[PDB]
Structures are given as C-alpha cells and as structure tokens.
Amino acid sequence: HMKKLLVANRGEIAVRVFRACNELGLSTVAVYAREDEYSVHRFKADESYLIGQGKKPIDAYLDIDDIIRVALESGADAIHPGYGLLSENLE
Amino acid sequence: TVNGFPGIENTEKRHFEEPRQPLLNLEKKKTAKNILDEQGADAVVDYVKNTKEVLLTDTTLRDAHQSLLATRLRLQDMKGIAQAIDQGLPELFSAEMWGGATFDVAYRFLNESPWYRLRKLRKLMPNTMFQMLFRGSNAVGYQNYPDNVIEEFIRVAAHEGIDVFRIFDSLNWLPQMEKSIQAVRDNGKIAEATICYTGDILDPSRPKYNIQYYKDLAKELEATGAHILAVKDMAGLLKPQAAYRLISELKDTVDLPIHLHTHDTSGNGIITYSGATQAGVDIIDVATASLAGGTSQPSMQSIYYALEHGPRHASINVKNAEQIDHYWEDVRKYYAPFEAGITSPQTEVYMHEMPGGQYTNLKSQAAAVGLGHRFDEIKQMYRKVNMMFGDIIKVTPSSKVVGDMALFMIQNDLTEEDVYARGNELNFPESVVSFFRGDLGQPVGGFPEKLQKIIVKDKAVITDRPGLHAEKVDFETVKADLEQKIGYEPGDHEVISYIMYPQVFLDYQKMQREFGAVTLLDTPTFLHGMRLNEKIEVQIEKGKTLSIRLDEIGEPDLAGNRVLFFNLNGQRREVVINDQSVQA
Amino acid sequence: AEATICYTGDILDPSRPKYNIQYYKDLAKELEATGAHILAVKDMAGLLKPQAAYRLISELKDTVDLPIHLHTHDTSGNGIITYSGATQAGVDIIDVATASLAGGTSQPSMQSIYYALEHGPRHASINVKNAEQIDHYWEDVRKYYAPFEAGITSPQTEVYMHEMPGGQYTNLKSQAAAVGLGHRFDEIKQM
Ligand SMILES: [Mg+2]
Ligand SMILES: [Mn+2]
Ligand SMILES: [Mn+2]
C-alpha cells in the first residue's frame with residue numbers, strides 16, 4: 001500500500017532512509033529549509049520541497065503543519081521522522 | 001553565456017523584478033468551453049447568438065506577440081498567467097493561443113514544441129476555449145499538403161485541446177477550405193470559415209472586392225457547415241464606416257455569428273470595432289493593453305471603455321484584465337531584443353496593404369541587404385506589384401509572394417514595363433513562380449494570364465486545387481522513418497509535425513538531445529545565459545529544482561574552449577564550452 | 001479668446017456627481033457670459049469616454065451658441081473614437097497631432113481621424129495626402145530626439161483611475177526614479 005515516503009529530517013539520516021526506501025522500492029520525498037538548500041539529502045530524493053519559508057532553519061524543520069502539507073500535496077503515503085527533530089514529538 | 005543567443009545582440013543580462021501577479025475578483029460562470037464540453041458546437045453558436053454583449057477573443061497568446069515580439073513569446077511567460085486569464089476572464093469567448101507563425105517559430109527559434117505549449121496551456125486553462133489560426137490547405141505550413149495530412153492535423157489538434165479552428169485561405173478560395181471545415185466539424189469542434197478582407201468596399205474605384213463579393217463569399221461559406229463566419233482584416237484595412245456597412249450586409253446575408261479580427265496599424269482599430277458593434281458583430285479579437293496597438297490588435301481594456309455606456313457592452317471583467325495586463329507589461333521587458341522600435345499609427349497601410357508580419361519581415365530582408373534606405377520606394381513597389389498581379393489578397397503566404405516580387409524588382413532595378421516586355425529573361429523568385437503555377441490556389445478573377453505566361457516558363461501550370469496534385473503520405477511509413485531518425489517511437493503529434501516541417505522538427509530534436517528542455521528556463525536566462533555569481537533555479541519537473549550558480553568563466557585556451565565553473569546542486573561542476581569568437 | 005473647461009471625472013458615472021453634466025452646462029453658460037469666441041473642452045488626461053463625449057458635446061451645443069473645440073489625449077487608446085463620438089454630437093474643432101507624434105500621451109493622429117470619418121456624415125477638413133507627406137519628415141526628425149523618448153508605449157486605461165496628465169505622469173516617474181521609490185510606482189499612482 002505504501003508507494004511514497006517523506007523524510008521529515010535532513011543530513012545523513014535522510015539519506016539513510018532514502019537508501020532504505022530505494023532498496024524497498026518506494027518513492028522518496030525530501031524537505032529542506034532555505035539555509036539547507038545545498039544539503040546532499042535534498043538532491044538524493046525523487047522530490048524535494050522547500051519548507052518553513054521565512055522561519056529560522058531549525059524552526060523550519062520543526063514546522064509540523066508545513067511538513068504534513070508537503071507530504072499531502074506530494075502524495076506521500078508515510079512520513080519517516082529520522083531522529084533529533086520530531087522523531088520523539090507526540091504532537 | 002559565452003556565445004550569445006543567435007540573431008540578437010550579445011548584451012549583458014539585466015536584473016529583472018518578478019512580474020506582478022494579478023489580484024483578481026473571481027466570479028464563477030459557465031463559459032463557452034463548458035457549453036462545448038457538455039453540449040455541442042451548435043449550442044455554442046446559440047450561446048453566441050443569444051448574447052447581447054459583444055464577445056472578446058484574446059489574441060495575446062498568439063497574434064499580439066506575433067505582431068509585436070516576432071512571435072518569440074515563450075511558454076514560460078504564458079504559464080505564469082494562464083490560470084489567471086482562465087479564472088479572472090471567464091467571459092472570453094476564446095483565447096487565440098495557437099496557429100499562425102507560432103508553430104514554426106517555437107520549433108525553430110524557441111526550441112520548444114508547440115504541442116507541448118498546447119498541452120501545458122490546456123492543463124492550465126480548463127474553462128477557456130482554445131483558438132488556432134488554420135491556413136486551410138496549408139494548415140500551419142507555407143506550402144500545400146495532401147488532404148489526409150490536413151485531416152490528421154485537425155484530429156490531433158482537436159484531441160490535444162484546440163476548440164475553435166479559424167480556417168482561412170490566402171486567396172479566399174473556398175475549395176482550399178471545404179475539407180478543413182468538414183474535418184473540424186467531424187472532430188466535434190467549431191469551424192470558423194474566414195473571409196480575408198482587402199481593398200475598400202466604400203471605394204468605387206476598386207470594384208474587385210466590393211460588398212457583393214463579400215456577400216457571395218459569405219453565403220458560399222454558410223453553404224459549408226461552418227459555425228461562425230470570420231472576417232479577417234490582416235492589415236487593418238477595414239475603415240469604421242466600411243466595418244459598419246460590411247457587418248450589416250453580412251448580417252443581412254447569413255445567419256452565422258460574425259467574428260471580426262482587425263489590426264490597429266492605422267490607429268483606427270477601436271473605432272472600427274465600435275462600428276462593427278453598432279452593426280451587430282458578435283465576437284471581436286482583442287489583445288491585452290501591454291501587447292496592443294501598432295501592428296497588434298486593439299486593446300481589450302480600451303474596447304471595454306469604448307463601449308461602456310453604449311447600447312452594447314463588452315463582455316469582460318475589466319479590472320481583472322488590467323491586473324493581468326500588469327503581468328504582461330512586466331514580461332514584455334524580457335523581449336527587448338525582439339522589439340520593433342518606436343511605433344505610431346500609420347495610415348500608409350491603406351496604400352500598400354502590407355500586413356504587419358509582412359511589414360516586419362520585408363523590413364528585415366530589406367535592411368539585411370544594403371538597399372534598405374529606399375524602403376518607401378520598396379512599399380510603393382509592393383503596391384504596384386499587387387496592382388500588377390491583379391489586386392490579390394495579401395496574407396500568409398500570398399503576402400510573401402508580393403513581397404518577394406517587389407524585393408526582386410527594386411533589388412535588380414526592374415519596372416512594370418520591364419517585366420511586362422522583357423521579363424522572359426530574368427530568373428524570377430521561386431515564390432512568385434509557385435504562386436503563378438497555381439500552388440497557392442486560384443486568385444479572384446483569375447491570373448494575369450499573359451503576364452502569367454511571362455512569369456512561368458516551361459514549368460507546369462495547374463488550375464485546380466493543389467491538394468489533388470499532392471504526393472500521398474502514409475502515416476505508418478512516415479512514423480517508422482521518424483522512429484529511425486529520432487531515438488524513440490513518435491506520437492501522432494510528432495509524426496504530423498514532422499510531415500509539415502521535416503528539417504525544422506529534426507533540428508528541434510537535435511537541439512532537444514543537445515540542450516534539453518530549454519523551455520523551462522526563464523526568458524532573461526533563456527536569451528542571455530548567466531552572469532558571474534548569479535544564482536538561478538530551474539524547475540525541471542515537479543519536486544526537482546536545479547540550483548545553478550556561475551562561479552567563474554575561464555579564459556579561452558589555444559583550442560578556443562572556455563571552462564565555466566558552475567555550482568550545480570551544491571557541487572562544483574566544470575563545463576567546457578567552445579568560444580566561437582576566438583576561433584581556435 | 002478660447003474659454004476652456006477642463007474635463008475631469010465622469011459625467012456618465014452617478015457615483016461621482018460633483019463633475020456632472022449640469023456643472024459643465026452652468027460653467028459653459030458662465031463662459032458664454034464673457035465674450036469668449038470659442039468654448040473649449042480640455043481633456044488633459046484623456047478621461048473623456050466616447051459616450052460621455054457625445055453626451056457632453058450634445059448638452060453643450062444645446063446650451064451655448066459658441067463653437068466647441070475639443071482637446072483630448074489618447075493615453076487610454078480611445079482618443080479617435082472619442083473624437084468621432086464628439087463629431088456625431090456636433091463638435092466643431094478637434095485637436096490632432098501628426099501620426100509620427102501621435103498616440104500614447106499625445107493627441108490622436110490627424111491621418112487616422114481623417115480615415116475614421118472618411119465616409120460618415122461629417123468629414124475631416126484636411127488634405128490627408130499632404131499630411132501623410134509631412135509625417136515622413138516628422139518621424140525622420142523624431143529619430144533625432146531618442147534621448148528624450150519614453151519607453152515602450154501602450155494604451156493604458158488606468159488613467160481612468162489615477163487621472164494623471166501625461167506630463168504629470170512623466171514628472172512623477174522622474175521623481176520616483178531620482179529618489180529610491182520607483183519600485184512602488186503603482187503605490188504612487190494609488191496614492
Ligand atoms: Mg451575439
Ligand atoms: Mn491578425
Ligand atoms: Mn494636451
């Protein structure tokens with residue numbers, strides 16, 4: 001049932017989940033802040049979307065509503081949070 | 001960046017602000033596209049007949065930039081405003097977005113497919129009728145094609161989203177339009193039979209194209225099943241009193257709705273449209289204000305305010321139109337290398353009757369060679385050549401015939417008596433001999449037969465439809481040949497465009513294989529490349545955006561190559577490009 | 001002496017009743033009280049719409065006995081049709097420019113206004129072949145004044161909103177360009 005997964009993270013953990021998703025045959029969606037535009041994980045996914053426009057980049061990666069909005073408009077079936085940003089966040 | 005765009009000056013890239021986005025007051029209403037969608041073309045005709053306001057056809061996407069910007073307006077600029085036009089101007093009868101010179105120009109100079117433009121605009125504009133200028137037997141080419149080629153083009157264009165086909169013959173010859181009209185009817189679309197206006201119906205000294213000629217042509221066109229009668233005034237020759245008289249006589253003759261199309265070359269386009277609105281015209285072709293006037297169509301906002309408190313209003317949301325015109329004003333600045341220059345009303349178009357595209361191309365061809373300083377004598381030669389040919393209708397491609405004949409006659413210093421007496425020795429231009437051989441059809445009143453015998457020498461002259469004498473085209477054979485030439489199996493649109501423009505399509509395919517989809521670049525970047533330290537973002541598809549930054553331009557080596565230091569997607573990439581100026 | 005009424009607003013707009021048709025009528029009567037030979041209507045910003053032109057000229061011609069002189073600009077692209085509508089209403093003199101210096105913020109072309117009225121009830125009194133011959137000189141000498149030329153000029157119906165005269169438009173653009181406010185010239189027009 002899953003065909004596309006979003007990673008709500010950055011850096012090496014996003015690339016790790018992208019590699020696992022490609023091995024499992026799923027599509028990958030990246031998110032990135034404006035200050036993270038040159039990150040490798042942005043260019044390692046099938047689709048990348050700017051999130052948290054105008055915010056601080058850490059706050060941009062904590063933009064919960066923007067992340068779900070990107071995941072919904074991209075048609076992602078699931079969200080992998082990785083670690084360190086919203087992985088332990090109940091909300 | 002290193003070699004410049006072909007055909008324009010190698011100037012630096014100016015910094016441009018983002019084009020202003022309209023603030024629209026959206027009002028939902030059922031458009032003519034919706035009526036064509038559920039009900040048929042006849043219900044669209046009934047909708048036009050029962051509308052008391054005059055309807056508007058936007059020529060911004062085709063004819064306005066064909067006249068002013070040498071047809072160079074790109075899909076990337078259309079895409080930023082297509083949805084705004086579709087939603088903010090639902091009262092538009094149709095949007096002229098295809099046909100004419102757009103098909104050739106996109107492939108040749110813009111390196112984008114006209115089919116791709118049609119698909120993207122159709123997705124962006126679901127509730128707007130799409131209109132193309134169809135040249136009848138020529139379709140979007142300049143030569144003639146067999147009948148099945150024309151029918152296949154109509155089928156593919158109607159399937160890909162063309163709703164209205166404005167079908168005209170360059171000499172108003174109904175045999176070169178009947179089959180196209182029938183194919184458009186068969187494909188469930190609206191066929192617009194078109195009368196090309198020339199001369200002066202209120203001038204008794206020119207009786208070849210008088211009111212009765214247009215009335216007879218009108219009932220002949222209504223004899224075919226064409227839904228709308230179109231009056232095409234390609235040079236802006238229709239005077240306002242003549243407009244009222246002509247439209248009144250046509251409304252007395254036929255029951256079809258009348259669609260008037262004029263240019264504003266003489267500065268009388270608005271008043272001509274108003275006179276036709278008094279006479280009861282149904283639809284008029286307008287352009288947005290920032291791409292109106294001069295050789296283009298009269299302004300849509302201006303025609304709203306011209307008819308604001310009269311008996312018939314213009315059906316448009318004028319505030320939304322002005323908001324869209326802000327965007328058009330901003331994106332016109334991208335096309336400064338293609339501008340004609342200082343413009344003004346010119347009533348000399350009533351004398352030489354040169355259509356605006358023919359005017360610009362004749363000016364370019366006359367100034368490229370060194371005899372352009374007597375362009376007034378060139379225009380007088382054009383007028384006398386038109387009179388010599390028997391006062392022919394001058395539109396694409398017969399305007400090219402008169403233009404090439406006049407260009408030859410002042411290029412090699414000829415005279416009317418020179419051609420009429422000792423013309424059997426000169427090598428005449430090939431467009432003139434093809435016109436006199438009947439490749440463009442049969443003119444009104446026939447050829448100047450003994451003069452025709454001077455032009456044609458030992459070549460075959462045909463007197464019937466040139467499409468009957470056309471070599472047959474098999475679509476499977478052509479498709480297999482094209483699948484050999486290009487590296488994949490082509491679509492029907494690719495096959496049909498390869499038939500009309502074979503070398504142009506193959507050159508476009510080669511440029512696609514070399515440079516890719518350059519249609520996705522913005523117009524300043526498309527025309528000027530990149531400056532040093534500039535950052536650009538190219539969205540190549542949904543979710544993919546290339547971050548490109550030019551860091552350094554290397555000095556040319558002994559082989560003439562420059563190394564350009566790009567930063568693509570954060571990573572340094574060194575691109576080697578041959579500088580054509582140093583020449584190894 | 002040409003006593004002149006500066007036209008502004010919109011007589012056919014009921015939401016702007018200060019400059020209505022009665023105001024222009026009483027002003028025309030007051031001007032005819034003075035011994036002025038010709039009543040002039042100055043449309044300095046090209047605000048006179050064609051239906052408004054017909055209505056205003058008709059109501060002035062049934063009010064005063066002076067000949068009417070209409071002067072308008074073509075900035076909205078409606079100058080020729082406004083002149084034609086005033087010609088239907090019986091205007092006597094209209095202000096035109098040569099074709100090479102016409103259009104945009106300038107007056108409508110005299111050649112264009114000849115051909116607009118060529119077969120109507122009222123013709124334009126001009127030798128149009130002679131005027132078309134003069135226009136060649138005028139475009140040739142217009143090429144001398146390239147540094148003083150404005151940019152790409154298109155019809156602009158936004159003059160019906162801000163009602164700037166063309167000279168006022170150019171001077172406000174020059175002021176917005178000399179100081180750092182030119183990126184909000186739309187806000188300047190709304191202001
Ligand atoms: Mg109607
Ligand atoms: Mn046209
Ligand atoms: Mn003035």
# chains A, B, ... in the order shown; residues from 1 in each chain; ligands from 1
call {"tool": "select_by_dssp", "arguments": {"residues": "region 72-126 of chain C", "states": "alpha helix (DSSP H)", "output": "PyMOL selection string"}}
result
chain C and resi 79-89+110-116
call {"tool": "interface_residues", "arguments": {"of": "chain B", "to": "chain C", "cutoff": "7 Å", "atoms": "only C-alpha atoms", "output": "short mmCIF file (atom, residue, chain, number, x, y, z; two decimals) with C-alpha atoms, in the first residue's frame"}}
result
data_model
loop_
_atom_site.label_atom_id
_atom_site.label_comp_id
_atom_site.auth_asym_id
_atom_site.auth_seq_id
_atom_site.Cartn_x
_atom_site.Cartn_y
_atom_site.Cartn_z
CA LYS B 239 -12.35 51.50 -42.03
CA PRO B 240 -15.12 52.16 -39.44
CA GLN B 241 -17.84 53.13 -41.94
CA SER B 266 -3.70 52.72 -38.85
CA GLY B 267 -4.78 53.66 -35.33
CA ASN B 268 -8.43 53.02 -36.22
CA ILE B 270 -11.04 50.64 -31.71
CA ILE B 271 -13.38 52.78 -33.80
CA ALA B 289 -3.21 46.54 -23.41
CA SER B 290 0.51 45.96 -22.88
CA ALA B 292 -1.88 46.02 -28.09
CA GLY B 293 -1.77 48.86 -30.58
CA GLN B 301 -9.48 47.32 -21.76
CA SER B 302 -9.78 50.14 -24.30
CA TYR B 305 -14.25 51.60 -22.03
CA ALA B 306 -15.13 52.48 -25.64
CA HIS B 309 -22.29 53.19 -21.82
CA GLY B 310 -23.46 52.35 -25.34
CA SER B 344 3.00 55.14 -34.24
CA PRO B 345 -0.25 54.92 -36.22
CA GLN B 346 0.47 54.70 -39.94
CA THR B 347 -2.32 55.24 -42.44
#
call {"tool": "interface_residues", "arguments": {"of": "chain A", "to": "chain B", "cutoff": "9 Å", "atoms": "only C-alpha atoms", "output": "PyMOL selection string"}}
result
chain A and resi 29-30+37-40+42-43+45-49+74
call {"tool": "residues_around", "arguments": {"residues": "region 62-69 of chain C", "least_positions_apart": "2", "cutoff": "7 Å", "atoms": "only C-alpha atoms", "output": "VMD selection string"}}
result
chain C and resid 25 28 to 29 32 37 to 41 58 to 60 71 91 to 94
call {"tool": "write_last_selection", "arguments": {"atoms": "N, CA, C and O atoms", "output": "CSV table (one decimal), in the first residue's frame"}}
result
chain,number,residue,atom,x,y,z
C,25,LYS,N,-22.6,72.4,-17.9
C,25,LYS,CA,-23.5,73.2,-18.5
C,25,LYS,C,-23.5,74.6,-17.9
C,25,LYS,O,-23.5,75.6,-18.7
C,28,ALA,N,-20.3,76.4,-18.8
C,28,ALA,CA,-20.4,76.8,-20.2
C,28,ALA,C,-21.2,78.1,-20.4
C,28,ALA,O,-20.9,79.0,-21.1
C,29,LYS,N,-22.3,78.2,-19.6
C,29,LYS,CA,-23.1,79.4,-19.6
C,29,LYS,C,-22.4,80.6,-19.1
C,29,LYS,O,-22.4,81.7,-19.6
C,32,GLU,N,-19.9,81.7,-21.6
C,32,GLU,CA,-20.5,82.4,-22.7
C,32,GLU,C,-21.0,83.8,-22.3
C,32,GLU,O,-21.2,84.7,-23.1
C,37,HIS,N,-14.9,83.8,-27.8
C,37,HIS,CA,-15.4,83.4,-29.1
C,37,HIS,C,-15.7,81.9,-29.2
C,37,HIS,O,-16.7,81.6,-29.9
C,38,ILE,N,-14.9,81.1,-28.7
C,38,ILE,CA,-15.0,79.6,-28.8
C,38,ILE,C,-14.9,79.0,-27.5
C,38,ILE,O,-14.1,79.3,-26.6
C,39,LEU,N,-15.9,78.1,-27.2
C,39,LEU,CA,-15.8,77.3,-26.0
C,39,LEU,C,-14.9,76.1,-26.2
C,39,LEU,O,-15.1,75.4,-27.2
C,40,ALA,N,-14.0,75.9,-25.3
C,40,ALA,CA,-13.0,74.8,-25.4
C,40,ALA,C,-13.2,73.8,-24.3
C,40,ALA,O,-13.5,74.1,-23.2
C,41,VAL,N,-13.1,72.5,-24.7
C,41,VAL,CA,-13.2,71.4,-23.7
C,41,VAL,C,-11.8,70.7,-23.6
C,41,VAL,O,-11.4,70.0,-24.5
C,58,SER,N,-23.2,67.2,-26.9
C,58,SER,CA,-24.6,67.5,-27.2
C,58,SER,C,-25.2,68.4,-26.2
C,58,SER,O,-25.9,69.4,-26.6
C,59,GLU,N,-25.0,68.2,-24.9
C,59,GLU,CA,-25.5,69.1,-23.9
C,59,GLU,C,-24.9,70.5,-23.9
C,59,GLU,O,-25.5,71.5,-23.5
C,60,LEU,N,-23.7,70.6,-24.4
C,60,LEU,CA,-23.1,71.9,-24.5
C,60,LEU,C,-23.6,72.6,-25.8
C,60,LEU,O,-23.8,73.9,-25.8
C,71,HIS,N,-10.3,69.1,-27.1
C,71,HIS,CA,-8.9,68.7,-27.0
C,71,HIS,C,-8.8,67.5,-26.0
C,71,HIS,O,-9.2,67.6,-24.9
C,91,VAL,N,-19.3,68.5,-32.6
C,91,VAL,CA,-18.2,69.3,-32.2
C,91,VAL,C,-17.6,70.0,-33.5
C,91,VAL,O,-17.7,69.5,-34.6
C,92,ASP,N,-17.0,71.2,-33.3
C,92,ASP,CA,-16.6,72.0,-34.4
C,92,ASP,C,-15.1,71.8,-34.7
C,92,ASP,O,-14.7,71.6,-35.9
C,93,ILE,N,-14.2,71.9,-33.7
C,93,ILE,CA,-12.8,71.7,-33.9
C,93,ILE,C,-12.3,70.7,-32.9
C,93,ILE,O,-12.7,70.6,-31.8
C,94,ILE,N,-11.3,69.9,-33.4
C,94,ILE,CA,-10.7,68.9,-32.6
C,94,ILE,C,-9.2,69.0,-32.7
C,94,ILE,O,-8.7,69.3,-33.8
call {"tool": "atom_distance", "arguments": {"atom1": "CA of residue 64 (chain B)", "atom2": "CA of residue 165 (chain B)"}}
result
17.9 Å
call {"tool": "closest_atom_pairs", "arguments": {"of": "chain C", "to": "ligand 3", "cutoff": "12 Å", "atoms": "only C-alpha atoms and all ligand atoms", "output": "tab-separated table"}}
result
residue	atom	partner	partner_atom_place_in_ligand_line	distance
C:6	CA	ligand 3	1 (Mn)	10.7
C:7	CA	ligand 3	1 (Mn)	11.7
C:41	CA	ligand 3	1 (Mn)	10.8
C:42	CA	ligand 3	1 (Mn)	7.5
C:43	CA	ligand 3	1 (Mn)	7.3
C:44	CA	ligand 3	1 (Mn)	5.2
C:45	CA	ligand 3	1 (Mn)	7.8
C:46	CA	ligand 3	1 (Mn)	8.8
C:47	CA	ligand 3	1 (Mn)	11.8
C:70	CA	ligand 3	1 (Mn)	10.4
C:71	CA	ligand 3	1 (Mn)	6.7
C:72	CA	ligand 3	1 (Mn)	6.4
C:73	CA	ligand 3	1 (Mn)	6.3
C:74	CA	ligand 3	1 (Mn)	9.8
C:75	CA	ligand 3	1 (Mn)	10.9
C:79	CA	ligand 3	1 (Mn)	11.9
C:94	CA	ligand 3	1 (Mn)	11.5
C:95	CA	ligand 3	1 (Mn)	8.5
C:96	CA	ligand 3	1 (Mn)	9.8
C:97	CA	ligand 3	1 (Mn)	10.3
C:102	CA	ligand 3	1 (Mn)	11.4
C:103	CA	ligand 3	1 (Mn)	11.9
C:104	CA	ligand 3	1 (Mn)	11.6
C:105	CA	ligand 3	1 (Mn)	8.4
C:106	CA	ligand 3	1 (Mn)	7.0
C:107	CA	ligand 3	1 (Mn)	7.1
C:108	CA	ligand 3	1 (Mn)	10.7
C:165	CA	ligand 3	1 (Mn)	8.4
C:166	CA	ligand 3	1 (Mn)	8.4
C:167	CA	ligand 3	1 (Mn)	9.1
C:168	CA	ligand 3	1 (Mn)	11.5
call {"tool": "residues_around", "arguments": {"residues": "residue 357 (chain B)", "least_positions_apart": "3", "cutoff": "7 Å", "atoms": "only C-alpha atoms", "output": "compact mmCIF listing (two decimals) with C-alpha atoms, in the first residue's frame"}}
result
# COMPACT_ATOMS: atom_id res chain seq x y z
CA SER B 67 2.88 41.24 -34.50
CA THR B 360 8.50 43.39 -40.32
CA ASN B 361 9.89 40.59 -42.49
call {"tool": "residues_near_ligand", "arguments": {"ligand": "ligand 2", "cutoff": "7 Å", "atoms": "only C-alpha atoms and all ligand atoms", "output": "list in words"}}
result
residues 63, 233, 234, 261, 262 and 263 of chain B
call {"tool": "write_last_selection", "arguments": {"atoms": "N, CA and C atoms", "output": "PDB file, in the first residue's frame"}}
result
ATOM      1  N   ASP B  63      -1.452  36.368 -31.581  1.00  0.00           N
ATOM      2  CA  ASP B  63      -1.267  37.356 -32.635  1.00  0.00           C
ATOM      3  C   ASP B  63      -0.614  38.626 -32.122  1.00  0.00           C
ATOM      4  N   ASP B 233      -9.131  40.899 -41.083  1.00  0.00           N
ATOM      5  CA  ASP B 233      -8.542  42.108 -41.613  1.00  0.00           C
ATOM      6  C   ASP B 233      -7.070  42.132 -41.229  1.00  0.00           C
ATOM      7  N   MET B 234      -6.242  41.485 -42.054  1.00  0.00           N
ATOM      8  CA  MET B 234      -4.878  41.165 -41.644  1.00  0.00           C
ATOM      9  C   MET B 234      -3.988  42.400 -41.620  1.00  0.00           C
ATOM     10  N   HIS B 261     -11.875  40.269 -36.876  1.00  0.00           N
ATOM     11  CA  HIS B 261     -10.486  40.321 -36.446  1.00  0.00           C
ATOM     12  C   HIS B 261      -9.789  41.409 -37.246  1.00  0.00           C
ATOM     13  N   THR B 262      -9.274  42.425 -36.561  1.00  0.00           N
ATOM     14  CA  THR B 262      -8.549  43.503 -37.220  1.00  0.00           C
ATOM     15  C   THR B 262      -7.271  43.816 -36.456  1.00  0.00           C
ATOM     16  N   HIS B 263      -6.377  44.527 -37.131  1.00  0.00           N
ATOM     17  CA  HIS B 263      -5.178  45.085 -36.532  1.00  0.00           C
ATOM     18  C   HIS B 263      -5.337  46.593 -36.399  1.00  0.00           C
TER      19      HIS B 263
END
call {"tool": "residues_near_ligand", "arguments": {"ligand": "ligand 1", "cutoff": "8 Å", "atoms": "only C-alpha atoms and all ligand atoms", "output": "ChimeraX atom specification"}}
result
/B:47-55,257,280-283
call {"tool": "write_last_selection", "arguments": {"atoms": "C-alpha atoms", "output": "PDB file, in the first residue's frame"}}
result
ATOM      1  CA  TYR B  47     -24.905  30.966 -26.891  1.00  0.00           C
ATOM      2  CA  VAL B  48     -23.142  33.487 -29.134  1.00  0.00           C
ATOM      3  CA  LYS B  49     -26.379  34.389 -30.938  1.00  0.00           C
ATOM      4  CA  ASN B  50     -28.292  34.911 -27.689  1.00  0.00           C
ATOM      5  CA  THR B  51     -25.567  37.076 -26.125  1.00  0.00           C
ATOM      6  CA  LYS B  52     -26.425  40.763 -26.421  1.00  0.00           C
ATOM      7  CA  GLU B  53     -22.938  41.904 -25.441  1.00  0.00           C
ATOM      8  CA  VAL B  54     -20.086  41.718 -27.905  1.00  0.00           C
ATOM      9  CA  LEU B  55     -17.780  38.812 -27.123  1.00  0.00           C
ATOM     10  CA  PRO B 257     -22.437  34.763 -35.977  1.00  0.00           C
ATOM     11  CA  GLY B 280     -24.144  43.786 -34.757  1.00  0.00           C
ATOM     12  CA  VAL B 281     -20.840  41.902 -34.763  1.00  0.00           C
ATOM     13  CA  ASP B 282     -20.744  39.006 -32.306  1.00  0.00           C
ATOM     14  CA  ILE B 283     -17.067  38.457 -31.403  1.00  0.00           C
TER      15      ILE B 283
END
call {"tool": "residues_around", "arguments": {"residues": "residue 158 (chain B)", "least_positions_apart": "3", "cutoff": "8 Å", "atoms": "only C-alpha atoms", "output": "NGL selection string"}}
result
:B and (154-155 or 161-163 or 184 or 187 or 189)
call {"tool": "residues_around", "arguments": {"residues": "residue 320 (chain B)", "least_positions_apart": "3", "cutoff": "10 Å", "atoms": "only C-alpha atoms", "output": "list in words"}}
result
residues 22, 23, 24, 25, 26, 84, 85, 87, 88, 89, 301, 316, 317, 323, 324, 325 and 326 of chain B
call {"tool": "atom_distance", "arguments": {"atom1": "CA of residue 251 (chain B)", "atom2": "CA of residue 214 (chain B)"}}
result
11.6 Å
call {"tool": "residues_around", "arguments": {"residues": "region 14-25 of chain A", "least_positions_apart": "6", "cutoff": "10 Å", "atoms": "only C-alpha atoms", "output": "list in words"}}
result
residues 2, 3, 4, 5, 6, 7, 8, 31, 40, 41, 42, 43, 44, 45, 46, 80, 81, 82 and 83 of chain A
call {"tool": "select_by_dssp", "arguments": {"residues": "region 19-61 of chain A", "states": "strand (DSSP E)", "output": "compact mmCIF listing (two decimals) with N, CA, C and O atoms, in the first residue's frame"}}
result
# COMPACT_ATOMS: atom_id res chain seq x y z
N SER A 27 9.00 5.42 -3.36
CA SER A 27 9.39 6.76 -3.77
C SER A 27 9.79 7.58 -2.55
O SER A 27 9.33 7.34 -1.43
N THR A 28 10.65 8.57 -2.78
CA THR A 28 11.23 9.37 -1.71
C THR A 28 10.89 10.84 -1.90
O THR A 28 10.97 11.36 -3.02
N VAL A 29 10.52 11.50 -0.81
CA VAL A 29 10.27 12.93 -0.80
C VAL A 29 11.15 13.56 0.27
O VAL A 29 11.12 13.13 1.43
N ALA A 30 11.92 14.57 -0.11
CA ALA A 30 12.74 15.32 0.81
C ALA A 30 12.09 16.66 1.13
O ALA A 30 11.30 17.19 0.35
N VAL A 31 12.43 17.19 2.30
CA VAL A 31 12.09 18.56 2.67
C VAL A 31 13.38 19.25 3.07
O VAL A 31 14.33 18.62 3.53
N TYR A 32 13.42 20.57 2.87
CA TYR A 32 14.62 21.32 3.18
C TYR A 32 14.27 22.76 3.48
O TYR A 32 13.34 23.32 2.89
N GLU A 47 11.67 13.76 -5.08
CA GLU A 47 11.06 15.08 -4.98
C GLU A 47 11.59 15.79 -3.74
O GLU A 47 11.77 15.17 -2.69
N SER A 48 11.82 17.09 -3.87
CA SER A 48 12.24 17.92 -2.75
C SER A 48 11.37 19.17 -2.71
O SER A 48 11.01 19.71 -3.76
N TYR A 49 11.04 19.62 -1.51
CA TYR A 49 10.18 20.78 -1.34
C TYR A 49 10.71 21.68 -0.25
O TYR A 49 11.16 21.21 0.80
N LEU A 50 10.66 22.99 -0.51
CA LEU A 50 11.04 23.97 0.49
C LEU A 50 9.99 24.04 1.59
O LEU A 50 8.78 24.06 1.32
call {"tool": "atom_distance", "arguments": {"atom1": "CA of residue 576 (chain B)", "atom2": "CA of residue 557 (chain B)"}}
result
10.6 Å
call {"tool": "closest_residue", "arguments": {"among": "B:80, B:370, B:7, B:355", "to": "residue 110 (chain B)", "atoms": "only C-alpha atoms"}}
result
B:7
